[PDB]
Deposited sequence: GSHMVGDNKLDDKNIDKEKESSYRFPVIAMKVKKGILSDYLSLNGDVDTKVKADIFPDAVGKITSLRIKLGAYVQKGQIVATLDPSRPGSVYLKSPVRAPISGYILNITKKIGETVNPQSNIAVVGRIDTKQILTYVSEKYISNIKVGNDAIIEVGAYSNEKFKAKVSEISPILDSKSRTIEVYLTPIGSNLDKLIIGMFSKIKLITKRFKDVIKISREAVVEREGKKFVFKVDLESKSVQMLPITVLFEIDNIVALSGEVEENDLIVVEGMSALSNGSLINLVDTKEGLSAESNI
């Protein structure tokens, strides 16, 4: 009797994705330029300060005033008290925190299957408090020829968006396909014999296994989504499978829970 561990298998969702990089940006924002030439006497702003359209944010040389062109928060200050500046010199950036946007550049071969409304995950770190849901908002019409990329825009949704701060780098996982209501199982359950693929199903009464042919629909992160003669709640060997054949007698050392029915991502 060969020792095996079996999974009580569940139907669920396995999802494919495209791995991108992007930046948290905002739709509504503006550069702050002076209205005359001269030197900076005072800066009446710090990062994070809220300012109103018209408000005086700095002072130049008489004293001349630099005003905010829109209402919002100060995102960056690119200028030092003491520096000389002119009407095309960027002193600081103002933007709204309620029009957040993720910008990314997708290579052309991937564009035709991306659609407004597609789901994405936005990641700034490894833990779930550092990940955020998003939807594709806009595909630019522009193809940049040198980079062979098209800009795609995502809008974050859901909770705790305070932690998606403007300016941040993010990894993006854009969902491209969902295989739904499929048996999911650890990949090592699948065994390749004579150019085909099988799993071993345990019969509890006879303490044996039956070798069932399967088709692997998709796999990622060591997880197979499969079709074939396998049903919810079948016991399928996930350790010891290499030593088995059809009808092999076994010893069920243990039974693991089925992989979650919810999406890998």
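Residues of the deposited sequence that lack C-alpha coordinates fall in the stretches 1-23, 85-92.
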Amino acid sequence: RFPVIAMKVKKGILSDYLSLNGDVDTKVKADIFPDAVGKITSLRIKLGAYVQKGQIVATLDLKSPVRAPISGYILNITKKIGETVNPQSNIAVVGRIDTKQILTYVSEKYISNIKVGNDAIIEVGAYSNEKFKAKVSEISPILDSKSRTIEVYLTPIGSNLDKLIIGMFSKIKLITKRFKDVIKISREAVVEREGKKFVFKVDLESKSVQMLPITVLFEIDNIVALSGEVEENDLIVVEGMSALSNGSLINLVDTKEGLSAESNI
From here on, numbers count along this sequence of modelled residues.
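Higher mean CA B-factor, judged across 115-123 and 158-166 from the recorded values: 158-166. On average the C-alpha atoms of 72-80 have higher B-factors than those of the other stretch, with 72-80 and 103-111 being the two compared.
The entry lists C-alpha B-factors for 243, 13, 253, 9, and the highest of these is at 243. Based on the entry's C-alpha B-factors, the most elevated value among 56, 49, 225, 40 belongs to 40. Placement of the Cα temperature factor of residue 26 within the chain: lowest third of the modelled residues, per the deposited record. Among the modelled residues of its chain, residue 183 has a C-alpha B-factor that falls in the middle third, as given in the PDB entry. In the PDB entry, residue 193 places in the highest third of its chain by CA B-factor. When the CA B factors of the chain's modelled residues are split into thirds, the value for residue 85 lands in the highest one. Sorting the modelled residues of the chain by their CA temperature factor places residue 145 in the highest third.
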